[PDB]
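Numbering (the entry's author numbering), first residue to last: 1 to 77. Have a look at the structure below, then the notes.
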């Protein structure tokens, strides 16, 4: 039950949980496609959509200690 454009919430697409936007390390492993400082979900974690294509995505933190970003479509990655 995953339509494109609809985020899973706190999981990059359908995999790794979204870390908090203010908890994103200044030295990041992935480069973000857009300036997300205005996603303004800093206090919390939840997919955001900087892309005018209606494509939500968040930063996921995995058990490797990594924090990267992924599209939240639950089937578009």
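Positions of the beta carbon are idealized from the N, C-alpha and C atoms, including for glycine.
- Assigned with DSSP and collapsed to three states, residue 73 falls in coil, not helix or strand.
- Where residue 48 is concerned, the enclosing beta strand (DSSP E) starts and stops at 48-51.
- Closest by C-alpha distance to residue 30, out of 71, 67 and 72, is 67.
- Between residue 13 and the set 57, 24 and 45, the nearest pair of CA atoms involves 57.
- Taking 8 Å as the upper bound for CB-CB distance, residue 48 and residue 36 are in contact here, some 7 Å apart.
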